[PDB]
């Protein structure tokens, strides 16, 4: 039986992201002290996002939130019956708990920015929570059974409704707020679209086909997480300071 588990480069990367998330949380706090308490909504939401990711990466960095998945791989043969091999791959379910907190809050950030209504923000979060939930089912679905790729596909469809809702309703609502806000929303929104779209791709390469090892999976999620939480947040909060249209 072959094992696929964290290596040295993966272990260090987890600690790096943990430290990067704390720093972003500190910078965002430092920015928030430059403005009155009543106007700190975005900084509070965005700082909770990076703190949650810090709590998550700290847990994975010290070996928590990980399960060993046993995978049996059936090989077909010409004249001989099928042979079997057994792989044990770490699955970092800590991410599905993190994403269940941070992706709704990211979507709160964008919905507040666009001026979506509370009912519409709520709808995006329902679809988003179905995505990360069925993502978790797919992560524990047995290979060769319908539940693995079937729950994955359901998650992808819930993801498509997120995009569809925010494009149409976030996009129509940002129009009403003027050109400077609308341009910013479209630019940070399009950035988000590209980044979030990469997560199911990493999943297919990792959980799906196991074309990349655990180390490669960890480094890919690290880039995306940093870009989707740290850079995203620094962009939104700095722009907000200079854009009263965001308030």
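Residue numbers count along the first chain shown, from 1.
**Student:** Tell me which stretch, 235-243 or 12-20, has the higher mean Cα B-factor listed in the entry.
**Tutor:** Stretch with the greater average CA B-factor: 235-243.
**Student:** When the C-alpha temperature factors are averaged for each of 119-127 and 78-86, which stretch ends up with the higher value in the entry?
**Tutor:** That would be 78-86.
**Student:** Per the PDB entry, which option out of 216, 189, 178, 204 has the greatest Cα B factor?
**Tutor:** Of 216, 189, 178, 204, 178 has the highest C-alpha B-factor.
**Student:** Can you tell me which of 135, 111, 146, 104 has the maximum CA B-factor listed in the PDB entry?
**Tutor:** That would be 146, according to the entry.
**Student:** Based on the deposited C-alpha B factors for this chain, I'd like to know if residue 65 is in the lowest, middle or highest third.
**Tutor:** Middle third of the chain for residue 65's C-alpha B-factor.
**Student:** Could you tell me which third, lowest, middle or highest, the C-alpha B-factor of residue 196 occupies within its chain?
**Tutor:** Lowest third, going by the recorded CA B-factors of the chain.
**Student:** According to the PDB entry, is the CA B factor of residue 38 in the bottom, middle or top third of its chain, that is, lowest, middle or highest?
**Tutor:** Ranked within chain, residue 38 CA B lands in the highest tercile.
**Student:** State the tercile, meaning the lowest, middle or highest third, of residue 97 with respect to the CA B-factors recorded for its chain.
**Tutor:** Its C-alpha B-factor, which the entry lists for residue 97, ranks in the lowest third among residues of this chain.
**Student:** Pull the Cα B-factor of residue 154 out of the PDB entry and bin it into the chain's lowest, middle or highest third.
**Tutor:** For residue 154, the deposited C-alpha B-factor lands in the lowest third.
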